[PDB]
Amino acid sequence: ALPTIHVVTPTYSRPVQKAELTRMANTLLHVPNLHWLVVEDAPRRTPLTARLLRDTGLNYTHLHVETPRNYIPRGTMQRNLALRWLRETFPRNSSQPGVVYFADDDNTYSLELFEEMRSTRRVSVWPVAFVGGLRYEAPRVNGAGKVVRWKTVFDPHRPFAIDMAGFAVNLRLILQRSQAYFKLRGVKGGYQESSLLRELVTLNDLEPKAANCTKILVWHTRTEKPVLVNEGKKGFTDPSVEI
């Protein structure tokens, strides 16, 4: 009966990738009924990602799709591939409860976050730290427990002024709205979340989590680029040793 949480994680090859996937997997290993949908931004599945997923024992699906020359946001085509995979895997009126969460590989997630999104009926929302040039963004909730706006500074007029890591969607809505995908073509920066949510739910139907959006359970952390200046042009370390 416990709903399955489908975590959609776009990822790409770069120095810190294995470290990012490692601490993220260490977090996900604590969550029951979790399906990790990892979509690599590559022409084919890489052995690094394949072996890491295999060794964790986690329930996962490993997909891949390469981003076009112009590299629109980041991770878009990968999240869209995952949405299509879900629709091809689960029938529109499926009865198996599920929740979909788009979790980037560098963010920091608390275990409480997953407990909060698991009961999502339509779309749930919560505060996100380190987004929109603020300590955190948070949906505005009235005393009745309804979402009536957003507490942000960056373009507060977007239909859904919230970051990718700030909401989850019941799988049923994703299957019913079979044509709803993240916009990549004519897309204003910061409107990717709205491009999808607008087609799935209305403001008044959002389900505020994290004690009526007063607590921060997820952080939009960024990882610094490692300095590899000492490798030189010919390289110093063994290129066959995986990092």
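The first residue of the shown sequence is 1; numbering continues from there.
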Residues of the deposited sequence that sit between residue 72 and residue 71 yet are not modelled: 10 or more
Higher-B stretch (mean Cα B-factor, as the entry records it), 130-138 or 164-172: 130-138
Per the entry, higher mean C-alpha B factor between 228-236 and 6-14: 228-236
Residue with maximal Cα B-factor (values as given in the PDB entry) among 192, 33, 49, 202: 192
Largest Cα B-factor, entry values, listed residues 38, 42, 218, 28: 42
Cα B factor band for residue 155 (lowest, middle or highest third within the chain): highest
Residue 105 - which third its CA temperature factor falls in, relative to the rest of the chain: lowest
Among modelled residues of the same chain, the CA temperature factor third for residue 120: middle
Where the record places residue 87 (Cα B-factor, split into thirds across the chain): middle
Third of chain Cα B-factors occupied by residue 53: lowest
